[PDB]
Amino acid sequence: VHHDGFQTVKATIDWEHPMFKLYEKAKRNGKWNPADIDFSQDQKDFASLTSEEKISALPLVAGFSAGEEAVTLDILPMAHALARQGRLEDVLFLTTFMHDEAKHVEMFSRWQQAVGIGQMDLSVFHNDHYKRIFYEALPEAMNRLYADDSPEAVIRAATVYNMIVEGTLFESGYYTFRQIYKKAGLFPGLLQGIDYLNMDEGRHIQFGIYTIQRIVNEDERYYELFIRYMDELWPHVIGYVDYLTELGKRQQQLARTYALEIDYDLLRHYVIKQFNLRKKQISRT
């Protein structure tokens, strides 16, 4: 449908808009390039591993790789919906968000290729709870926005995408990955890339907080929708966590080799802590 006018012809950008400020920070802080990461040591590390130790690492990489690819595809309807509402500064920021996620997809795929598992199908490590979030609930909630950009729909999309997928699952998975392979001294290239992902993902979560809060600000009853949508997804979050925990407890060979007391009870509580602090970044009032 037609444009009825253009904000940067009638006026200018709103320079004080928080999403313009987040866009400015994204450009300053978003220069890293996955093509510059040296993965040569990661290739040697992975080759030096036993077949048993090789499994230990792949579940998390399977969840990350599909997850980055899903959000790369699935952020587009948010950008559409906010563009159609005339939120120009939000759109500008979302271009950095989308470009970040492209680099995240690229980074994991470069690592898979470098270490020699690119020809290997990692979908086996997606159980039913993972599929429910990433193959179903995430794309349903984002795609809805093409036909329904009601406050309810926008809160649900930001909750699933930014508060659950990024703010709970990815944050916990990054913690987990550091807590294991940084200790073991393994996979330096991948850990460099993950550190970059984690920096980008702070801006993505901030966008989600801003979006949810500005809707709650209009009407505190949206607050209850937010909590409800968070709690509806919790079972699949912990059901993927329990399944990875069960996979890790079945293959405790890397823990032994590298002298890691992988405390799954401590990981689990980090997931719970992440989930609960995302709730507290949204004020009812």
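Numbers follow the displayed sequence, beginning with 1.
Taking only CA atoms, the mean B-factor in the PDB entry is higher for 177-185 than for the other of 67-75 and 177-185.
Averaged over Cα atoms, the B-factor as recorded in the entry is higher for 258-266 than for the other of 14-22 and 258-266.
Ranked against the other modelled residues of its chain, the C-alpha B-factor of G193 as given in the entry falls in the middle third. Among the modelled residues of the chain, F125 sits in the highest third by CA temperature factor in this PDB entry. Annotation for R228: CA B-factor lies in the middle third of the chain's modelled residues. Annotation for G118: CA B-factor lies in the highest third of the chain's modelled residues. Compared with the other modelled residues of the chain, the Cα B-factor recorded for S51 ranks in the highest third.
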